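Chemist: pasting the sequence and an experimental structure:
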Amino acid sequence: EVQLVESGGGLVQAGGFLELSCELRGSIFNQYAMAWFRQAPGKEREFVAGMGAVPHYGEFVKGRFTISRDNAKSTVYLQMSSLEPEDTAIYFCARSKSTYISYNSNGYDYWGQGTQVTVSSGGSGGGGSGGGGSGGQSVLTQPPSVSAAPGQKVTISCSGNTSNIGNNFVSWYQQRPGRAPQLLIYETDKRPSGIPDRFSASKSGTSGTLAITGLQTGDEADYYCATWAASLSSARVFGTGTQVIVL
Amino acid sequence: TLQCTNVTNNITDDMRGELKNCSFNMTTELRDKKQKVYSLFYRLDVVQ
Amino acid sequence: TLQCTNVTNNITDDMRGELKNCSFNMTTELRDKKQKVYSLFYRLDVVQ
Amino acid sequence: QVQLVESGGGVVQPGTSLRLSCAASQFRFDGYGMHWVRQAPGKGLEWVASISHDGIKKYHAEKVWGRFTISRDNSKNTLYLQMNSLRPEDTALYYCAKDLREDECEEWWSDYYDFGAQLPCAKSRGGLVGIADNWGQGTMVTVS
Ligand SMILES: *[C@@H]1O[C@H](CO)[C@@H](O[C@@H]2O[C@H](CO)[C@@H](O[C@@H]3O[C@H](CO[C@H]4O[C@H](CO)[C@@H](O)[C@H](O)[C@@H]4O)[C@@H](O)[C@H](O[C@H]4O[C@H](CO)[C@@H](O)[C@H](O)[C@@H]4O)[C@@H]3O)[C@H](O)[C@H]2NC(C)=O)[C@H](O)[C@H]1NC(C)=O
Ligand SMILES: *[C@@H]1O[C@H](CO)[C@@H](O[C@@H]2O[C@H](CO)[C@@H](O[C@@H]3O[C@H](CO)[C@@H](O)[C@H](O)[C@@H]3O)[C@H](O)[C@H]2NC(C)=O)[C@H](O)[C@H]1NC(C)=O
Ligand SMILES: *[C@@H]1O[C@H](CO)[C@@H](O[C@@H]2O[C@H](CO)[C@@H](O[C@@H]3O[C@H](CO)[C@@H](O)[C@H](O)[C@@H]3O)[C@H](O)[C@H]2NC(C)=O)[C@H](O)[C@H]1NC(C)=O
Ligand SMILES: *[C@@H]1O[C@H](CO)[C@@H](O[C@@H]2O[C@H](CO)[C@@H](O)[C@H](O)[C@H]2NC(C)=O)[C@H](O)[C@H]1NC(C)=O
Ligand SMILES: *[C@@H]1O[C@H](CO)[C@@H](O[C@@H]2O[C@H](CO)[C@@H](O)[C@H](O)[C@H]2NC(C)=O)[C@H](O)[C@H]1NC(C)=O
Ligand SMILES: *[C@@H]1O[C@H](CO)[C@@H](O)[C@H](O)[C@H]1NC(C)=O
Ligand SMILES: *[C@@H]1O[C@H](CO)[C@@H](O)[C@H](O)[C@H]1NC(C)=O
Ligand SMILES: *[C@@H]1O[C@H](CO)[C@@H](O)[C@H](O)[C@H]1NC(C)=O
């Protein structure tokens, strides 16, 4: 009695990750290939993916999905990635009549009951248009200058946007007068060997805060807050700068 | 030749040296290439 | 490959060059370790 | 702490071309990326370009799109920056920096029936990591 049992399905936001499965019980796994078919509402079944000794994909997959077989438990997986909202359908599991895979629906003899996989984000996760999409043109805002008595505590605020600071780490640079810049803080929670622990940093939302204790004359310099990210060029921005003056 | 270090993922006082985190070189799909891989072994299955 | 030399320890005249003292690298029980060993081989079992 | 040398600057007319050379010492140049930062006198910093360890991935800023070219030579441990279509606003100070990720070797060449031999590196992963910790003295470039 050849029987096919599946898993997976359910809601996921657009661009999410889902994995489906389907095991074979009543027949030898290494004698037959497997395939995935999806039937959109009101449409006909179309080939999605299938693997015997070679993986094959549908014309609409565009390299997003990935099929594998694990002979240990005789199950075929389908690592769905970058799930666009047009992929919603009922996904079937089919056992081929041989070791080979056909793109037609009549190259298979045993079918699964079905499994609805739906995605209805409708662009809610992204949307772009300034927020996330191209980041517009965001420039960090910093106070013009700060001043405090020697040995006191000073705070520097570096507020930007969600993409540059909110969604990415922030690094701080110190530029002494007539001297090369030096790194002090990287990803807001670590310092190099050459910098003492007198400098502390933290982040909250889209604003970064730097805490300096035991300020001295030698610390008089210009501080810059910078963010880097290869995903988007807008996140690569340098701060205006804060001037530290010790009375 | 493995290169093992103790596991310290919030261990308990009973399981102190009983787990070793080892890394070793293994051949890839091509016989002309090696790569570093790691695995966890119990203390009873390894010697110095 | 074998690095071989004739064995001669007040050897009898009938055995001028019957035996060879051959040395060669060899693999140990660990793959990434080699060992230098030697063996005696009869001339009929080695070819220059 | 390693030694950084910056040279190749000078005074050139607008619309001309120039090349700047940055030398690397006391560290593996091939194992780190390179970046160029422009800072006018009395103004803030401005990232210009970034290059990966292997020179495949290239990044440029909006203000220098289509006119600034960056290339690296790991064999000579020398950095080449070609400038085209210079403008008066380009008069500023350029800083030479390196990366921090300390790229390693993913693969090494193997001899199956030895496997104890130290053989050259075959494949590697690295690049990007747009973070600078060591800044050189820089070079002064004038456009007028
Ligand atoms: C899996 O395979 C890899 C490569 O095949 C092995 O990597 C080797 O590991 C050994 C053991 O650590 C290395 O030997 C030692 O390397 C030290 C540092 O070398 C690195 O850094 C220099 C730059 O500083 C590079 O030029 C070099 O290529 C390495 O990347 C050396 O400092 C050591 O020398 C010191 O000790 C010896 C005694 O052992 C003294 O005689 C010397 O004078 C000196 O004081 C030493 O050579 C070896 O370099 C690594 N090779 C590579 C290619 O990376 C892994 O070990 C292996 N894994 C296992 C588990 O075996
Ligand atoms: C054994 O080797 C073969 C050949 O390399 C492997 O097939 C390859 O699998 C990778 C993914 O693991 C495929 O990469 C993908 O290609 C699509 C093509 O559009 C691309 O869009 C994706 O972004 C991704 O790069 C690759 O194409 C595929 N090879 C061929 C010729 O199609 C196979 O996975 C290996 N098997 C094991 C068990 O390692
Ligand atoms: C076959 O060849 C091997 C390798 O050359 C010989 O092994 C070595 O033989 C010497 C004596 O012949 C052993 O003693 C050594 O003698 C030197 C003499 O100066 C001494 O300085 C050393 O301290 C040591 O005592 C030596 O241990 C041995 N080496 C090994 C690894 O076994 C072997 O003798 C040859 N046999 C024949 C039958 O030809
Ligand atoms: C080692 O053994 C070889 C094999 O017998 C010797 O080769 C012969 O040596 C005799 C005696 O000198 C010569 O007359 C032959 O012409 C050699 N044969 C060849 C093919 O060259 C070799 O001489 C021996 N060497 C030592 C040092 O004992
Ligand atoms: C294994 O054999 C190799 C090759 O014969 C030895 O390696 C080199 O051999 C040459 C010529 O005999 C020497 O000049 C080199 O000094 C040898 N290399 C080293 C690192 O010593 C090797 O000595 C032999 N033994 C082992 C243990 O590998
Ligand atoms: C388990 O170990 C991790 C370290 O990876 C640690 O962060 C965590 O706090 C530990 N769990 C508990 C309950 O302490
Ligand atoms: C690891 O565990 C062993 C217990 O077998 C202990 O002796 C050793 O001090 C621990 N630390 C290291 C670095 O090996
Ligand atoms: C002959 O060679 C053998 C080899 O072990 C040695 O024991 C013996 O003393 C030698 N005899 C003479 C007379 O050289």
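Modeler: Everything's here; your move. Numbering: from 1, shown residues only, chains lettered A, B, ... in the order given. Ligands and ions are numbered 1, 2, ... in the order given.
Chemist: now the closest residue to ligand 3 within chain B: closest residue in space, sequence neighbours ignored.
Modeler: As assessed by CB to the nearest ligand atom, ligand 3 sits closest to residue B:1 within chain B, at 23.5 Å. Bear in mind the C-beta positions are built from the backbone N, C-alpha and C, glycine included. Closest residue in space to residue B:1, ignoring its immediate chain neighbours: residue C:32 at 5.5 Å, by CB to CB, 6 or more residues apart in numbering or on different chains.
Chemist: show me the contacts for the residue of chain B closest to ligand 3.
Modeler: B:24, C:30, C:32-33 (CB atoms under 8 Å, 6 or more residues apart in numbering or on different chains).
Chemist: next: residue A:40.
Modeler: Per CB under 8 Å, 6+ apart, neighbours of residue A:40: A:46, A:88-89.
Chemist: and if we set it to 6 Å?
Modeler: Taking CB atoms under 6 Å, 6 or more residues apart in numbering or on different chains as the criterion, residue A:40 is in contact with residue A:89.
Chemist: with residue A:174 instead?
Modeler: Neighbours of residue A:174 in contact, by CB under 6 Å, 6+ apart: A:182, A:184, A:221, A:223.
Chemist: what's opposite the first one in the beta bridge?
Modeler: Here residue A:182 shows beta-bridge partners residue A:174, assigned using DSSP bridges.
Chemist: and it, how far from residue A:93?
Modeler: 60 Å (CB to CB, to the nearest Å).
Chemist: so which of those two has more stuff around it?
Modeler: residue A:93 (26 against 18; other CB atoms under 10 Å in any protein chain shown).
Chemist: measure the residue of chain D most remote from its centre to residue D:119 for me?
Modeler: Using CA atoms, centre = their mean, the residue of chain D lying farthest from its centre is residue D:113. It sits 41.1 Å away. To residue D:119, residue D:113 is 13 Å away according to CB to CB.
Chemist: and for residue A:199?
Modeler: Relative to residue D:119, and taking CB to CB, residue A:199 is found at 44 Å.
Chemist: for these two, indicate the residue with more neighbours.
Modeler: Legend: neighbour count by other CB under 10 Å for residue A:199 and residue D:119, higher for residue A:199 (18 against 14).
Chemist: wondering if the one helix or strand residue A:243 maps to reaches chain D at all.
Modeler: Under DSSP states H and E, the secondary-structure element containing residue A:243 is strand A:242-246. No: judged by CB under 6 Å from any CB of the partner chain, strand A:242-246 and chain D are separated, with a smallest distance of 10.6 Å.
Chemist: which helices and strands does that strand pack with?
Modeler: strand A:145-148 (3 or more CB pairs under 6 Å, 6 or more residues apart in numbering or on different chains; DSSP states H and E).
Chemist: sheet partners, orientation included, of the strand it packs on?
Modeler: Sheet pairing for strand A:145-148, using DSSP bridges, gives strand A:242-246 (parallel).
Chemist: neighbouring contacts of the partner strand?
Modeler: Strand A:242-246 is contacted by residues A:142-143, A:145-147, A:150, A:156, A:217, A:220-223 when judged by CB under 6 Å, 6+ apart.
Chemist: likewise for stretch A:200-212?
Modeler: Stretch A:200-212 is contacted by residues A:154, A:156, A:158-159, A:162, A:165-166, A:170, A:185, A:188, A:199, A:225 when judged by CB under 6 Å, 6+ apart.
Chemist: check stretch B:14-32 too.
Modeler: By CB under 6 Å, 6+ apart, stretch B:14-32 touches B:2-5, B:7, B:34-38, B:40-41, B:43, B:46, D:110, D:112.
Chemist: out of these, which are buried?
Modeler: Taking 16 or more other CB atoms under 10 Å in any protein chain shown as the criterion, what is buried in these is B:4, B:7, B:34, D:110.
Chemist: now the residue nearest to residue D:119 when sequence neighbours are not counted, which residues is it bridged with?
Modeler: Computed as CB to CB, 6+ apart, the closest residue to residue D:119 that is not its neighbour in sequence is residue D:109, at 4.0 Å. Judged by DSSP bridges, the bridge partners of residue D:109 are residue B:33.
Chemist: how about the contacts made by residue D:109?
Modeler: By CB under 6 Å, 6+ apart, the neighbours of residue D:109 are D:119-120, D:122.
Chemist: and of these, the nearest to residue A:100?
Modeler: residue D:122 (36.0 Å; CB to CB).
Chemist: relative to ligand 5, how far out is the nearest residue to the closest one once chain neighbours are set aside?
Modeler: In this structure, residue D:122 finds its nearest non-sequential neighbour in residue D:107, 4.3 Å apart by CB to CB, 6+ apart. To ligand 5, residue D:107 is 25 Å away according to CB to the nearest ligand atom, to the nearest Å.
Chemist: could you say which helix or strand holds residue D:107?
Modeler: Counting by DSSP H and E, residue D:107 is found in strand D:105-109.
Chemist: can you give me the offset of the strand holding residue A:243 from its chain's centre?
Modeler: Per CA atoms, centre = their mean, to the nearest Å, the displacement of strand A:242-246 from the mean C-alpha position of its chain is 38 Å.
Chemist: pull out the buried residues from that strand.
Modeler: Buried residues in strand A:242-246, counted by 16+ other CB under 10 Å: A:242, A:244, A:246.
Chemist: what helix or strand does the spatially most central residue of chain B sit in?
Modeler: Chain B has residue B:22 as the residue nearest its centroid, 1.6 Å off, counting by CA atoms, centre = their mean. Assessed by DSSP H and E, residue B:22 sits inside strand B:19-27.
Chemist: in chain A, which residue sits closest to ligand 3?
Modeler: At 48.6 Å from ligand 3, residue A:72 is the closest residue in chain A, using CB to the nearest ligand atom.
Chemist: so what's the closest residue to residue A:41 other than its chain neighbours up against?
Modeler: In space, and not counting its chain neighbours, residue A:41 is closest to residue A:89: 7.3 Å by CB to CB, 6+ apart. Applying CB under 6 Å, 6+ apart to residue A:89 gives the contacts A:38-40.
Chemist: how about TSV for these, with secondary structure added?
Modeler: Formatted as TSV, these follow (DSSP: H, G, I helix; E, B strand; the rest coil):
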residue	secondary structure
A:38	strand
A:39	strand
A:40	coil
